[PDB]
$ cat target_29.cif   # mmCIF, C-alpha atoms and all ligand atoms
data_target
loop_
_atom_site.label_atom_id
_atom_site.label_comp_id
_atom_site.auth_asym_id
_atom_site.auth_seq_id
_atom_site.Cartn_x
_atom_site.Cartn_y
_atom_site.Cartn_z
CA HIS J 1 -31.97 -31.44 -113.19
CA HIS J 2 -33.44 -31.55 -109.67
CA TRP J 3 -31.59 -30.77 -106.44
CA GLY J 4 -29.16 -33.11 -104.76
CA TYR J 5 -25.74 -33.12 -103.12
CA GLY J 6 -23.61 -33.75 -106.20
CA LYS J 7 -21.21 -31.47 -108.06
CA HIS J 8 -23.78 -30.10 -110.52
CA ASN J 9 -26.93 -29.99 -108.36
CA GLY J 10 -25.49 -29.51 -104.89
CA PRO J 11 -26.02 -26.75 -102.26
CA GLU J 12 -24.25 -24.05 -104.31
CA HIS J 13 -26.86 -24.59 -107.05
CA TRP J 14 -30.05 -24.68 -104.95
CA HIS J 15 -30.67 -20.92 -105.11
CA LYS J 16 -31.60 -21.14 -108.80
CA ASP J 17 -34.67 -23.31 -108.11
CA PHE J 18 -35.23 -22.09 -104.53
CA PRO J 19 -34.45 -18.34 -104.25
CA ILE J 20 -35.04 -18.47 -100.49
CA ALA J 21 -31.64 -20.21 -100.30
CA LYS J 22 -30.20 -16.71 -99.98
CA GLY J 23 -32.77 -15.70 -97.38
CA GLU J 24 -32.38 -13.91 -94.04
CA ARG J 25 -32.85 -16.89 -91.71
CA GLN J 26 -31.21 -19.82 -93.47
CA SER J 27 -29.71 -22.86 -91.75
CA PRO J 28 -27.38 -24.38 -90.75
CA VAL J 29 -25.05 -21.92 -89.03
CA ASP J 30 -21.85 -22.06 -87.00
CA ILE J 31 -22.56 -21.79 -83.28
CA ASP J 32 -19.99 -19.47 -81.69
CA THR J 33 -20.19 -20.58 -78.05
CA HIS J 34 -18.67 -17.32 -76.80
CA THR J 35 -21.08 -15.00 -78.62
CA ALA J 36 -24.17 -17.06 -77.74
CA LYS J 37 -26.20 -15.29 -75.05
CA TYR J 38 -27.29 -17.16 -71.94
CA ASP J 39 -31.02 -16.47 -71.65
CA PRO J 40 -32.30 -16.97 -68.07
CA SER J 41 -35.90 -16.76 -69.30
CA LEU J 42 -35.59 -19.96 -71.34
CA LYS J 43 -37.53 -22.87 -69.85
CA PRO J 44 -36.17 -26.43 -69.75
CA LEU J 45 -37.15 -28.61 -72.71
CA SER J 46 -40.01 -31.03 -72.14
CA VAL J 47 -39.71 -34.18 -74.24
CA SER J 48 -42.62 -36.61 -73.98
CA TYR J 49 -41.92 -39.60 -76.22
CA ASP J 50 -43.38 -42.34 -73.99
CA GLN J 51 -46.31 -42.87 -76.37
CA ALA J 52 -44.43 -42.60 -79.67
CA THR J 53 -45.60 -44.84 -82.51
CA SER J 54 -43.13 -45.31 -85.36
CA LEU J 55 -44.63 -46.52 -88.63
CA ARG J 56 -42.10 -46.82 -91.40
CA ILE J 57 -38.57 -46.07 -92.59
CA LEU J 58 -38.00 -44.72 -96.09
CA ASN J 59 -35.20 -43.71 -98.45
CA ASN J 60 -36.32 -40.47 -100.12
CA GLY J 61 -33.13 -40.02 -102.11
CA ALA J 62 -31.68 -37.36 -99.80
CA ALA J 63 -31.58 -39.34 -96.55
CA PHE J 64 -33.70 -41.94 -94.78
CA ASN J 65 -36.70 -40.87 -92.71
CA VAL J 66 -38.25 -42.74 -89.80
CA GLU J 67 -41.93 -41.73 -89.78
CA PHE J 68 -44.25 -41.57 -86.78
CA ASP J 69 -48.02 -41.45 -86.29
CA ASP J 70 -48.77 -37.75 -85.73
CA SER J 71 -52.59 -37.96 -85.72
CA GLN J 72 -52.64 -37.47 -81.93
CA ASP J 73 -50.33 -35.98 -79.30
CA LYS J 74 -48.36 -39.21 -78.77
CA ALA J 75 -44.78 -37.93 -79.03
CA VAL J 76 -44.49 -34.22 -78.34
CA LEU J 77 -42.04 -31.46 -77.55
CA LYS J 78 -42.82 -28.36 -75.51
CA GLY J 79 -41.16 -25.89 -73.19
CA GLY J 80 -37.86 -24.28 -74.05
CA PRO J 81 -38.35 -21.29 -76.39
CA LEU J 82 -41.53 -22.87 -77.74
CA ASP J 83 -45.08 -21.60 -77.38
CA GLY J 84 -47.45 -24.53 -77.58
CA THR J 85 -47.20 -28.22 -78.37
CA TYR J 86 -45.19 -29.63 -81.27
CA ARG J 87 -45.81 -33.16 -82.59
CA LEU J 88 -43.02 -35.44 -83.79
CA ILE J 89 -43.57 -36.46 -87.42
CA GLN J 90 -40.17 -37.90 -88.44
CA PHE J 91 -36.43 -37.97 -87.79
CA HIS J 92 -33.50 -38.32 -90.17
CA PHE J 93 -29.73 -37.87 -90.26
CA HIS J 94 -27.10 -36.00 -92.26
CA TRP J 95 -23.65 -37.63 -92.47
CA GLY J 96 -20.34 -37.50 -94.27
CA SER J 97 -18.00 -39.68 -96.29
CA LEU J 98 -15.41 -39.48 -93.48
CA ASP J 99 -15.73 -39.23 -89.69
CA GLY J 100 -14.36 -35.67 -89.79
CA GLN J 101 -17.40 -34.19 -91.52
CA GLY J 102 -21.13 -34.78 -91.75
CA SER J 103 -22.93 -32.44 -89.36
CA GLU J 104 -24.83 -29.42 -90.64
CA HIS J 105 -24.39 -27.16 -87.64
CA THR J 106 -20.87 -26.67 -86.33
CA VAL J 107 -19.72 -25.60 -82.85
CA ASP J 108 -16.87 -23.10 -82.90
CA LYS J 109 -16.14 -24.40 -86.41
CA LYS J 110 -15.99 -27.99 -85.17
CA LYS J 111 -17.70 -30.54 -87.43
CA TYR J 112 -19.19 -33.80 -86.15
CA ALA J 113 -19.57 -37.13 -87.98
CA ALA J 114 -23.34 -36.75 -88.37
CA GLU J 115 -26.37 -34.83 -87.12
CA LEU J 116 -29.77 -36.20 -86.10
CA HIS J 117 -32.87 -34.10 -86.77
CA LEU J 118 -36.13 -34.82 -84.95
CA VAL J 119 -38.80 -32.79 -86.77
CA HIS J 120 -41.92 -31.57 -84.93
CA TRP J 121 -44.82 -29.37 -86.11
CA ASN J 122 -46.96 -26.84 -84.20
CA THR J 123 -50.34 -28.46 -83.49
CA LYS J 124 -52.15 -25.12 -83.76
CA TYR J 125 -51.72 -25.41 -87.54
CA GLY J 126 -53.48 -28.77 -87.86
CA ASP J 127 -50.97 -30.51 -90.09
CA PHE J 128 -47.36 -30.49 -91.25
CA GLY J 129 -48.30 -29.07 -94.64
CA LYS J 130 -49.84 -25.95 -93.10
CA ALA J 131 -47.18 -25.66 -90.41
CA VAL J 132 -44.28 -25.27 -92.87
CA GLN J 133 -45.88 -22.06 -94.15
CA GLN J 134 -45.62 -20.36 -90.74
CA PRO J 135 -42.62 -18.64 -89.07
CA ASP J 136 -43.18 -20.72 -85.93
CA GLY J 137 -44.46 -23.84 -87.66
CA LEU J 138 -41.67 -26.30 -86.91
CA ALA J 139 -39.35 -27.17 -84.03
CA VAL J 140 -36.36 -29.32 -84.95
CA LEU J 141 -34.23 -30.94 -82.26
CA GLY J 142 -30.67 -31.38 -83.47
CA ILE J 143 -28.27 -33.88 -81.95
CA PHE J 144 -24.60 -34.29 -82.85
CA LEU J 145 -23.07 -37.72 -83.40
CA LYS J 146 -19.40 -38.40 -82.66
CA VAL J 147 -17.53 -41.62 -83.41
CA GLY J 148 -16.58 -43.66 -80.36
CA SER J 149 -18.58 -46.20 -78.36
CA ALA J 150 -21.59 -47.87 -79.99
CA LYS J 151 -25.09 -46.56 -79.25
CA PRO J 152 -27.26 -49.64 -78.55
CA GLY J 153 -30.48 -47.72 -79.18
CA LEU J 154 -29.47 -46.94 -82.76
CA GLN J 155 -28.76 -50.54 -83.80
CA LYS J 156 -32.38 -51.30 -84.72
CA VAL J 157 -32.16 -48.52 -87.31
CA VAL J 158 -28.78 -49.67 -88.60
CA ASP J 159 -29.94 -53.25 -89.16
CA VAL J 160 -32.87 -52.31 -91.41
CA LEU J 161 -30.92 -50.06 -93.79
CA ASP J 162 -30.28 -53.12 -95.97
CA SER J 163 -33.96 -53.20 -96.94
CA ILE J 164 -34.12 -49.56 -98.09
CA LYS J 165 -30.83 -49.22 -99.95
CA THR J 166 -32.16 -47.30 -102.97
CA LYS J 167 -34.31 -44.21 -103.52
CA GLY J 168 -38.02 -44.87 -103.10
CA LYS J 169 -37.78 -48.00 -101.00
CA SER J 170 -39.66 -48.16 -97.70
CA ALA J 171 -40.12 -50.74 -94.97
CA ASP J 172 -42.33 -51.30 -91.94
CA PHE J 173 -40.60 -49.96 -88.85
CA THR J 174 -42.76 -50.31 -85.75
CA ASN J 175 -42.06 -50.10 -82.03
CA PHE J 176 -38.90 -47.99 -82.29
CA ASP J 177 -38.36 -45.84 -79.20
CA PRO J 178 -36.71 -42.49 -80.07
CA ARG J 179 -35.79 -41.95 -76.41
CA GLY J 180 -32.82 -44.23 -77.02
CA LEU J 181 -31.24 -41.55 -79.21
CA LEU J 182 -31.16 -38.72 -76.65
CA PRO J 183 -28.07 -37.62 -74.70
CA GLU J 184 -27.91 -37.32 -70.90
CA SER J 185 -28.20 -33.53 -70.77
CA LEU J 186 -30.85 -31.45 -72.51
CA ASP J 187 -28.93 -28.15 -72.38
CA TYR J 188 -29.29 -26.38 -75.70
CA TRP J 189 -28.75 -23.44 -78.03
CA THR J 190 -31.68 -22.06 -79.99
CA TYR J 191 -32.14 -19.70 -82.94
CA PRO J 192 -34.68 -19.08 -85.73
CA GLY J 193 -33.81 -20.78 -89.00
CA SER J 194 -34.92 -22.99 -91.89
CA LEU J 195 -35.00 -26.54 -93.20
CA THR J 196 -31.47 -27.38 -94.36
CA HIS J 197 -32.59 -28.89 -97.65
CA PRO J 198 -35.09 -27.75 -100.31
CA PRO J 199 -37.70 -26.26 -100.05
CA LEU J 200 -35.52 -24.51 -97.42
CA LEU J 201 -38.58 -22.88 -95.80
CA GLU J 202 -37.81 -20.44 -92.97
CA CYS J 203 -40.29 -21.96 -90.53
CA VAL J 204 -37.96 -23.56 -88.00
CA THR J 205 -37.12 -22.84 -84.38
CA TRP J 206 -33.86 -24.73 -83.96
CA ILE J 207 -33.02 -26.44 -80.70
CA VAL J 208 -29.48 -27.84 -80.87
CA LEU J 209 -28.28 -29.97 -77.96
CA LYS J 210 -24.88 -29.20 -76.50
CA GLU J 211 -24.07 -32.83 -75.63
CA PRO J 212 -23.34 -35.17 -78.56
CA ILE J 213 -24.09 -38.88 -78.46
CA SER J 214 -21.48 -41.46 -79.46
CA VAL J 215 -21.92 -44.08 -82.18
CA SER J 216 -19.41 -46.67 -83.36
CA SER J 217 -17.44 -46.55 -86.59
CA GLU J 218 -19.33 -49.68 -87.67
CA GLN J 219 -22.73 -48.04 -87.16
CA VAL J 220 -21.85 -44.91 -89.18
CA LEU J 221 -20.35 -47.12 -91.88
CA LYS J 222 -23.78 -48.67 -92.50
CA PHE J 223 -25.21 -45.20 -93.23
CA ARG J 224 -22.63 -44.79 -95.99
CA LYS J 225 -23.82 -47.90 -97.84
CA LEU J 226 -27.14 -46.35 -98.84
CA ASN J 227 -27.67 -45.03 -102.38
CA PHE J 228 -28.89 -41.65 -103.68
CA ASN J 229 -29.99 -43.40 -106.88
CA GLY J 230 -33.02 -45.57 -107.49
CA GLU J 231 -32.89 -49.32 -108.07
CA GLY J 232 -31.49 -50.27 -111.47
CA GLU J 233 -29.47 -47.09 -111.94
CA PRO J 234 -25.75 -46.26 -111.64
CA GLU J 235 -24.68 -46.59 -107.99
CA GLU J 236 -24.10 -43.30 -106.15
CA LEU J 237 -23.32 -43.68 -102.44
CA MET J 238 -25.39 -41.56 -100.09
CA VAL J 239 -22.66 -39.60 -98.29
CA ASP J 240 -22.12 -35.93 -97.47
CA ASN J 241 -25.81 -35.08 -97.56
CA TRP J 242 -25.15 -31.89 -95.60
CA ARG J 243 -25.34 -28.18 -96.38
CA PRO J 244 -22.46 -25.84 -95.49
CA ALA J 245 -22.94 -23.21 -92.78
CA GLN J 246 -24.87 -20.08 -93.74
CA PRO J 247 -24.38 -16.46 -92.58
CA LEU J 248 -26.05 -15.70 -89.25
CA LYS J 249 -26.93 -12.19 -90.44
CA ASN J 250 -29.49 -10.45 -88.22
CA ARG J 251 -29.81 -13.26 -85.67
CA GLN J 252 -28.70 -14.08 -82.14
CA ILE J 253 -28.10 -17.55 -80.76
CA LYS J 254 -29.35 -18.06 -77.22
CA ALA J 255 -28.16 -20.72 -74.78
CA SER J 256 -30.16 -22.39 -72.00
CA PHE J 257 -26.98 -22.76 -69.94
CA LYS J 258 -23.98 -20.69 -68.88
CL CL J 301 -33.52 -30.63 -92.18
ZN ZN J 302 -32.22 -32.42 -91.52
#
$ encode --input "target_29.cif" --output "structure tokens"
Amino acid sequence: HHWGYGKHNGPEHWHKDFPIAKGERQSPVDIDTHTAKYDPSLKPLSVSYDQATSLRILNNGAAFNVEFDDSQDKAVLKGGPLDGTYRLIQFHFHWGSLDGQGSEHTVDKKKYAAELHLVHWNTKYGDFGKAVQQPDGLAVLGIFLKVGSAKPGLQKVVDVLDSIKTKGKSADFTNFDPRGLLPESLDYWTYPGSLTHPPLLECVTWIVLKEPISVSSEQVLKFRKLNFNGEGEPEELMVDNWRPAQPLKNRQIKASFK
């Protein structure tokens, strides 16, 4: 049937319906910190989320997305390896069934408990739909989550998961400040890649932060109570919604620090 993360429709099967799965700039990848090249010409990231307006949270069957109003430059990302302004449209996570796995990108083969993706689109293209068809259409900020101390700023998200347990459910989710999910340092690694789930379009400039944020075991546990299935169907827990690392091929990973 259609794509998913199960045994018969998981990542290893995606290439049949989405040939680009075997493309030249697929994500995620393993970040070898010793082969990454420090690029002195990379500018610091500029994150302006002071005007962000969240609208709703939804379970799309693959993860849960927190959507923002992207009709104006309210929450934007610029600087770094980017040319132009990118507007935040949504953020979501990828997590595992155990604390030892869950992230998409890995650092020197190290896996984290989860990975947060803040998706932004290049305003020059007018809308997200047009942006995904361009090589420089999206900018995704990736943040690693490790299990330890609780992250107060994430609790508002955790408490609403009860209302969107099954595929298709959505709920109002206003006044959420994404700044509460960022680590102290903004040092990063960057490389050209793709979305990590179908349609797997190669339109992403990845910006992966070096510093992970910590969340408590209890917070991550709530993530694992969501369902892949729709209401009234056999219960399938939403866990391990991550894709394994892909070959780097003809690509170089640059670092903003040394
Ligand atoms: Cl993604
Ligand atoms: Zn993602």
$ closest_atom_pairs --input "target_29.cif" --of "chain J" --to "ligand CL 301 (chain J)" --cutoff "6 Å" --atoms "only C-alpha atoms and all ligand atoms" --output "CSV"
residue,atom,partner,partner_atom,distance
J:195,CA,J:CL301,CL,4.5
J:196,CA,J:CL301,CL,4.4
J:197,CA,J:CL301,CL,5.8
$ residues_near_ligand --input "target_29.cif" --ligand "ligand ZN 302 (chain J)" --cutoff "9 Å" --atoms "only C-alpha atoms and all ligand atoms" --output "ChimeraX atom specification"
/J:63,91-94,104,115-119,140,142,195-197,242
$ write_last_selection --input "target_29.cif" --atoms "C-alpha atoms" --output "compact mmCIF listing (two decimals), in the frame of the given file"
# COMPACT_ATOMS: atom_id res chain seq x y z
CA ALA J 63 -31.58 -39.34 -96.55
CA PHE J 91 -36.43 -37.97 -87.79
CA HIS J 92 -33.50 -38.32 -90.17
CA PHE J 93 -29.73 -37.87 -90.26
CA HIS J 94 -27.10 -36.00 -92.26
CA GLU J 104 -24.83 -29.42 -90.64
CA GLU J 115 -26.37 -34.83 -87.12
CA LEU J 116 -29.77 -36.20 -86.10
CA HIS J 117 -32.87 -34.10 -86.77
CA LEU J 118 -36.13 -34.82 -84.95
CA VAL J 119 -38.80 -32.79 -86.77
CA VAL J 140 -36.36 -29.32 -84.95
CA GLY J 142 -30.67 -31.38 -83.47
CA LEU J 195 -35.00 -26.54 -93.20
CA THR J 196 -31.47 -27.38 -94.36
CA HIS J 197 -32.59 -28.89 -97.65
CA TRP J 242 -25.15 -31.89 -95.60
$ atom_distance --input "target_29.cif" --atom1 "CA of residue 20 in chain J" --atom2 "CA of residue 111 in chain J"
24.8 Å
$ residues_around --input "target_29.cif" --residues "residue 123 in chain J" --least-positions-apart "3" --cutoff "7 Å" --atoms "all atoms listed in the file" --output "number ranges by chain"
J: 85-87, 126-127
$ atom_distance --input "target_29.cif" --atom1 "CA of residue 170 in chain J" --atom2 "CA of residue 212 in chain J"
28.3 Å
$ residues_near_point --input "target_29.cif" --point "(-35.3, -15.9, -71.9)" --cutoff "12 Å" --atoms "all atoms listed in the file" --output "list in words"
residues 37, 38, 39, 40, 41, 42, 43, 44, 79, 80, 81, 82, 189, 190, 253, 254, 255, 256 and 257 of chain J
$ closest_residue --input "target_29.cif" --among "J:220, J:200, J:154, J:138" --to "residue 84 in chain J" --atoms "all atoms listed in the file"
J:138
$ atom_distance --input "target_29.cif" --atom1 "CA of residue 250 in chain J" --atom2 "CA of residue 122 in chain J"
24.3 Å
$ closest_residue --input "target_29.cif" --among "J:65, J:241, J:71, J:134" --to "residue 168 in chain J" --atoms "all atoms listed in the file"
J:65
$ residues_near_point --input "target_29.cif" --point "(-43.4, -25.5, -84.6)" --cutoff "7 Å" --atoms "only C-alpha atoms" --output "VMD selection string"
chain J and resid 86 120 to 122 131 136 to 139 204 to 205
$ closest_residue --input "target_29.cif" --among "J:125, J:144, J:191, J:206" --to "residue 107 in chain J" --atoms "only C-alpha atoms"
J:144
$ closest_residue --input "target_29.cif" --among "J:90, J:133, J:229, J:26" --to "residue 4 in chain J" --atoms "all atoms listed in the file"
J:229
$ closest_residue --input "target_29.cif" --among "J:248, J:88, J:239, J:45" --to "residue 185 in chain J" --atoms "only C-alpha atoms"
J:45
$ closest_residue --input "target_29.cif" --among "J:208, J:215, J:113, J:161" --to "residue 148 in chain J" --atoms "all atoms listed in the file"
J:215
$ residues_around --input "target_29.cif" --residues "residue 110 in chain J" --least-positions-apart "3" --cutoff "12 Å" --atoms "only C-alpha atoms" --output "VMD selection string"
chain J and resid 29 to 33 100 to 107 113 to 114 144 146 245
